[PDB]
2 protein chains.
Amino acid sequence: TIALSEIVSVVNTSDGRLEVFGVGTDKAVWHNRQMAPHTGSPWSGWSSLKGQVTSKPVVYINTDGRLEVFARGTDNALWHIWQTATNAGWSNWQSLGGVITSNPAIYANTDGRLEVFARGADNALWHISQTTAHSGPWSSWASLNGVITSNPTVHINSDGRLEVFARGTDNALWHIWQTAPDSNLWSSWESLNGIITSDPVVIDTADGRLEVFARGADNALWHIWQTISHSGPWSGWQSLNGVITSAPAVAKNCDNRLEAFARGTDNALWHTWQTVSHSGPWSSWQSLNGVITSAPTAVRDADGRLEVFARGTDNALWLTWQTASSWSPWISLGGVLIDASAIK
Amino acid sequence: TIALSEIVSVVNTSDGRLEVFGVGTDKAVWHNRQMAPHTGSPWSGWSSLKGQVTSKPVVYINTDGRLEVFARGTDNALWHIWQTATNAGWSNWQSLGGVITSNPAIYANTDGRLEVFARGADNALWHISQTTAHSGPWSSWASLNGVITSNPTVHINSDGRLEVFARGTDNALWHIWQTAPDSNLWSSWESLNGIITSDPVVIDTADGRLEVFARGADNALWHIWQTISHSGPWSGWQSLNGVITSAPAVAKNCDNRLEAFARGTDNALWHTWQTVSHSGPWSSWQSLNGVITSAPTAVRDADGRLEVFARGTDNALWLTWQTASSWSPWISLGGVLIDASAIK
Ligand SMILES: CC(=O)N[C@@H]1[C@@H](O)[C@H](O[C@@H]2O[C@H](CO)[C@H](O)[C@H](O)[C@H]2O[C@@H]2O[C@@H](C)[C@@H](O)[C@@H](O)[C@@H]2O)[C@@H](CO)O[C@H]1O
Ligand SMILES: CC(=O)N[C@@H]1[C@@H](O)[C@H](O[C@@H]2O[C@H](CO)[C@H](O)[C@H](O)[C@H]2O[C@@H]2O[C@@H](C)[C@@H](O)[C@@H](O)[C@@H]2O)[C@@H](CO)O[C@H]1O
Ligand SMILES: CC(=O)N[C@@H]1[C@@H](O)[C@H](O[C@@H]2O[C@H](CO)[C@H](O)[C@H](O)[C@H]2O[C@@H]2O[C@@H](C)[C@@H](O)[C@@H](O)[C@@H]2O)[C@@H](CO)O[C@H]1O
Ligand SMILES: CC(=O)N[C@@H]1[C@@H](O)[C@H](O[C@@H]2O[C@H](CO)[C@H](O)[C@H](O)[C@H]2O[C@@H]2O[C@@H](C)[C@@H](O)[C@@H](O)[C@@H]2O)[C@@H](CO)O[C@H]1O
Ligand SMILES: CC(=O)N[C@@H]1[C@@H](O)[C@H](O[C@@H]2O[C@H](CO)[C@H](O)[C@H](O)[C@H]2O[C@@H]2O[C@@H](C)[C@@H](O)[C@@H](O)[C@@H]2O)[C@@H](CO)O[C@H]1O
Ligand SMILES: CC(=O)N[C@@H]1[C@@H](O)[C@H](O[C@@H]2O[C@H](CO)[C@H](O)[C@H](O)[C@H]2O[C@@H]2O[C@@H](C)[C@@H](O)[C@@H](O)[C@@H]2O)[C@@H](CO)O[C@H]1O
Ligand code: NA
Ligand code: NA
């Protein structure tokens with residue numbers, strides 16, 4: 001078991017527009033797009049990419065600007081679908097094979113090859129990559145071993161090395177990393193201790209450090225971080241308090257101040273943020289209202305403003321964004337979304 | 001002849017710190033570094049990377065976070081020097097051969113291979129690239145032909161294709177582009193007309209469009225841009241007025257509003273900026289004071305604030321940055337810098 005997942009995958013397109021991806025009642029992937037690269041842009045309305053999926057669908061942008069979506073299929077293999085040219089039409093769904101037991105997780109190597117991570121049937125971490133920059137065909141699968149109990153998350157260190165985080169068998173945060181950029185050589189798994197009750201979330205700070213956020217045993221928001229740029233060792237676990245009922249989401253303001261979001265016990269959206277600068281201390285928690293039925297999803301738009309998505313009481317996706325004064329009122333983007341997360 | 005050049009090359013390191021590179025009286029490359037990734041950080045003071053150079057030295061950051069500096073040597077070959085690991089020590093200077101007659105210009109392909117452009121002895125555009133991501137050895141040289149009369153500038157389109165701009169024999173802005181990302185296949189040269197009297201400057205907008213700035217025949221600041229994301233055709237040339245005595249410099253605010261900087265006729269620093277948003281109209285010109293003896297160099301720091309560098313009356317580098325209210329007073333970073341630009 002883990003805290004309630006995010007309901008969509010969001011990305012900033014090559015032309016600065018937000019685009020969201022989720023799963024409908026029919027089990028198809030659906031997406032909604034800003035028309036314009038500005039806060040409060042009108043949206044396309046939902047449109048189907050078809051397929052039948054049994055995980056959260058996860059969008060990542062290739063280094064040539066083409067979006068690509070990954071999802072577990074009905075046969076448990078990894079499936080994907082991609083734009084044929086940047087912000088143009090999409091391929092058919094195509095299988096990358098294997099058998100997976102988590103949502104896929106994706107990052108670009110420094111050489112432009114996408115690399116995908118997901119839990120296997122043996123509960124270990126497996127991975128597969130593009131054989132050349134932003135293109136098929138793909139390598140064969142291999143395992144990075146471990147035994148994990150949450151969806152994995154990947155990021156890149158400030159020196160190019162990929163690094164994966166997941167909950168272990170003891171409910172601690174564990175991790176593993178490339179020993180060189182683009183490499184097929186990885187470290188051993190290592191533990192960062194704690195006890196966590198959500199999927200870990202990872203982000204890179206302005207100063208080139210991986211920082212991880214997760215829900216603890218007391219249902220407060222905890223985090224932990226690399227102490228120096230791309231370098232071990234890590235800090236201790238520190239709490240950011242609150243009581244939260246969903247997974248957390250994290251984004252950088254336009255000044256690189258980190259801001260965390262989560263569903264509270266009153267089932268409203270709550271957030272806490274670094275004050276002053278990106279090395280500053282965190283605010284106390286404060287409410288953005290709404291009643292919501294998924295973890296929030298946060299992203300920075302092309303006006304440098306944070307925008308947050310969450311499923312509503314009507315199962316539609318709803319949206320609120322930063323203004324000069326405070327935040328916008330909640331507005332509805334329609335649709336009816338389900339949580340297809342492979343691990344719940 | 002062209003407007004007075006920028007005196008330094010600036011970059012944002014992998015850990016969010018500004019770092020500047022210039023040329024001293026001895027013809028060595030010297031650099032100065034922020035200690036901390038914040039506006040108003042103290043600086044290292046100047047420190048020598050040695051070498052003897054006969055162009056402006058140009059720093060670019062590899063996709064593994066390692067800085068690499070390019071400069072024409074005393075034998076007219078292209079020379080370079082690189083960090084052996086991210087923000088660690090530097091290699092020795094090493095020659096990439098050839099004979100060049102401009103400052104080098106650099107960009108990363110979507111596959112992580114750096115590619116360098118520079119004018120040849122035949123006055124054509126030549127280029128050379130890393131054979132693999134963020135690493136030597138390098139390809140052999142080849143020409144993209146043309147005949148050009150300014151330092152070239154390269155950027156990347158929002159679909160991964162590199163594109164180079166330079167002044168032609170008729171003093172118009174001309175350009176050429178990859179037909180596919182990472183490719184060795186390029187278009188023919190094409191003209192964007194106008195008459196320009198500075199090196200062209202190029203930047204990508206929040207909405208994935210290349211936008212070019214240059215000084216015109218009337219010594220006003222002009223610009224021109226792609227009309228749709230990564231797509232021809234371009235707009236017409238439009239003027240931003242002012243009277244300017246150096247090359248322009250351009251940077252994005254943390255909200256992606258573009259901001260242009262130049263030396264005025266009173267030899268102070270002047271700037272004009274998009275108002276409201278990144279699709280908004282440009283302000284009237286306004287003074288940041290100082291008396292300065294080089295074009296300004298502008299960059300956004302890790303607090304999302306613009307910082308501007310320019311050589312002073314004492315030949316030292318001076319620095320002013322955005323605040324809440326207005327801008328900081330000019331402060332001195334010491335040193336004695338010369339303009340080693342291969343084209344003046
Ligand atoms: C290159 C090519 O033709 N690929 C085929 C896929 O397009 C096929 O997948 C399915 O496509 C149809 C429309 O033609 C529709 O989108 C289906 O929902 C989709 O199949 C489902 O969704 C996938 C993601 C998997 O879960 C699959 O097992 C589901 O049946 C498949 C045939 O299904 O074959 C490819 O060759
Ligand atoms: C630095 C170091 O050696 N750390 C040890 C880890 O490598 C160990 O993890 C396990 O390693 C073996 C290979 O020797 C294999 O990969 C296991 O699957 C892996 O352990 C599992 O996965 C972890 C993420 C946890 O969930 C763990 O509870 C699983 O048993 C561990 C094993 O005790 O010790 C480290 O000190
Ligand atoms: C554009 C517009 O008029 N939007 C209205 C929303 O602001 C309303 O949402 C609700 O706002 C109140 C405070 O004014 C409070 O934040 C509520 O919790 C919130 O509504 C709930 O949360 C939403 C995210 C959904 O789950 C919704 O079903 C809940 O009722 C809505 C009221 O639905 O009206 C809009 O017109
Ligand atoms: C791998 C290796 O040993 N490379 C040699 C370079 O380091 C040499 O260059 C020069 O290095 C010395 C210190 O040893 C000092 O920095 C000199 O200023 C520098 O040479 C000058 O600057 C270069 C950029 C060129 O302009 C060069 O022609 C100048 O003489 C050179 C020998 O000069 O050989 C390499 O093999
Ligand atoms: C679309 C198209 O065909 N445009 C023409 C350009 O390709 C031409 O430029 C020249 O092309 C030849 C190869 O056929 C060669 O590369 C020349 O060096 C190049 O012209 C020179 O470089 C330019 C940047 C200008 O400086 C020009 O004045 C030089 O003579 C031109 C040539 O007239 O016409 C375009 O229509
Ligand atoms: C930290 C501090 O006290 N800085 C002082 C600077 O603000 C001073 O610079 C000058 O400021 C005035 C307005 O107050 C005006 O902007 C001048 O044009 C500017 O000084 C000139 O421009 C500089 C960039 C240099 O070229 C300098 O040689 C010129 O005199 C300076 C005065 O030198 O004092 C600092 O202490
Ligand atoms: Na990730
Ligand atoms: Na450039």
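In what follows, chains are A, B, ... by sequence order, proteins preceding strands, each numbered from 1. Just so it is clear, the values below take in all heavy atoms, side chains as well, and ignore hydrogens, waters and symmetry mates.
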* For the student: nearest non-hydrogen atoms of B:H127 and B:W186, plus distance -> CE1-NE1, 4.0 Å

* To do: Would you name the heavy atoms of B:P152 and B:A166 that are closest together and state the gap between them?
  => CA-CB, 4.1 Å

* Side chain of B:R209, backbone of B:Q226: donor and acceptor closer than 3.5 Å? -> yes

* Are A:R17 and A:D301 within salt-bridge range, i.e. N to O under 4.0 Å? -> no

* Structure fact -> Heavy-atom nearest pair, B:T54 first then B:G73, reads OG1-O, 2.7 Å

* **B:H80/B:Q94 under side chain to side chain donor-acceptor pair (under 3.5 Å): CA gap, chis, key distance, verdict** => CA-CA 6 Å; B:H80 67 147; B:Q94 206 167 122; 5.2 Å; no

* Are B:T297 and B:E6 linked by a side-chain donor-acceptor pair shorter than 3.5 Å? -> yes

* Stepwise side chain to side chain donor-acceptor pair (under 3.5 Å) test for A:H155 and A:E163 -> CA-CA 6 Å; A:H155 215 84; A:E163 183 161 341; over 6 Å; no

* Report the C-alpha separation of A:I203 and A:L258 in whole Å, then their side-chain angles, then the decisive distance to 0.1 Å, and conclude whether the side chain to side chain contact (heavy atoms under 4.5 Å, CB included) test is met. => CA-CA 9 Å; A:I203 190 157; A:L258 288 168; 3.8 Å; yes

* Asked: Hey, mind stepping through B:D182 and B:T110 against side chain to side chain donor-acceptor pair (under 3.5 Å) and telling me if it holds?
  -> CA-CA 6 Å; B:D182 319 320; B:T110 70; 2.7 Å; yes

* To do: Heavy atoms only: give me the nearest A:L144-A:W189 pair and the separation to one decimal.
  => O-NE1, 3.0 Å

* **Side chain to side chain, B:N253 and B:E259, heavy atoms closer than 4.5 Å** => yes

* To do: Without swapping roles, check the side chain of A:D199 against the backbone of A:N151 for a donor-acceptor pair under 3.5 Å.
  => yes

* Evaluate the side-chain proximity of B:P57 to B:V23: yes if any heavy-atom separation is below 4.5 Å, no if none is. => yes

* Asked: Picking from A:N62, A:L67, A:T13, A:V69, what satisfies side chain to side chain contact (heavy atoms under 4.5 Å, CB included) with A:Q83?
  -> A:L67

* Is the shortest heavy-atom distance from the side chain of B:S5 to the side chain of B:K56 under 4.5 Å? -> no

* To do: Could you grab the distance from atom CD of B:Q178 to atom CG of B:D159, nearest 0.5 Å is fine?
  => 9.5 Å

* Asked: Are the side chain of A:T227 and the backbone N or O of A:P233 linked by a donor-acceptor pair below 3.5 Å?
  -> yes

* Structure fact -> Sorted by chain and number, sequence neighbours left out, side chain to side chain contact (heavy atoms under 4.5 Å, CB included) with A:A302 holds for A:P37, B:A206, B:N256, B:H278

* Test side chain to side chain donor-acceptor pair (under 3.5 Å) applied to A:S229 and B:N87, step by step -> CA-CA 9 Å; A:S229 191; B:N87 299 323; 5.4 Å; no

* Without swapping roles, check the side chain of B:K252 against the backbone of B:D204 for a donor-acceptor pair under 3.5 Å. => yes

* From CD1 (B:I106) to CD1 (B:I128), nearest 0.5 Å -> 12.0 Å

* What's the spacing between A:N103 CG and A:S55 OG if we round to 0.5 Å? -> 5.0 Å

* Reported OG-to-CG distance for the pair B:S129 and B:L96, which is rounded to 0.5 angstrom -> 10.5 Å

* Quick one: does A:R119's side chain have a donor or acceptor within less than 3.5 Å of a partner on A:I148's backbone? -> yes

* Side chains of B:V59 and B:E19: does their closest heavy-atom pair fall under 4.5 Å? -> no

* To do: Output every pair passing salt bridge (charged side-chain N to carboxylate O under 4.0 Å, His left out) with a member in residues 102-113 of chain B, not counting sequence neighbours, ordered by first then second residue.
  => B:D111-B:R113

* Asked: Is the gap between the ring centers of B:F70 and B:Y60 under 6.0 Å?
  -> no

* **Heavy-atom pair with the smallest gap, counting every atom of A:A298 and A:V10** => O-CG1, 4.4 Å

* To do: Verify ring pair (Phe, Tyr, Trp, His ring centres under 6.0 Å) between B:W82 and B:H134, making sure each step is shown before the conclusion.
  => CA-CA 10 Å; B:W82 57 96; B:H134 51 77; over 10 Å; no

* How close do B:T101 and B:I343 get, heavy atom to heavy atom, and via which atoms? -> O-CG1, 3.4 Å

* Can you list the steps and then say if B:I100 with B:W141 is a side chain to side chain contact (heavy atoms under 4.5 Å, CB included)? -> CA-CA 11 Å; B:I100 60 167; B:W141 284 97; 4.0 Å; yes

* Quick check: does any side chain N or O of B:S44 sit under 3.5 Å from a backbone N or O of B:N32, one acting as donor and the other as acceptor? -> no

* Would you say B:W90 and B:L49 make side-chain contact, with heavy atoms under 4.5 Å? -> yes

* Asked: How far does OG of A:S158 sit from CG of A:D207, to the nearest 0.5 angstrom?
  -> 9.0 Å

* **Donor-acceptor side-chain pairing of A:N109 and A:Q130 below 3.5 angstrom** => no

* To do: Please step through side chain to side chain contact (heavy atoms under 4.5 Å, CB included) for the pair A:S14 and A:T86, ending with a clear verdict.
  => CA-CA 8 Å; A:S14 54; A:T86 310; 2.9 Å; yes

* Asked: Under the 3.5 angstrom rule, does the side chain of A:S91 hit a backbone N or O of A:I81 as a donor-acceptor pair?
  -> no

* Would you give the length of the straight line joining atom CD1 of A:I156 to atom NE2 of A:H230, rounded to the nearest 0.5 angstrom? => 12.0 Å

* To do: Would you please test B:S47 and B:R33 for side chain to side chain contact (heavy atoms under 4.5 Å, CB included) and show each step?
  => CA-CA 9 Å; B:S47 166; B:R33 329 178 284 278; 3.7 Å; yes

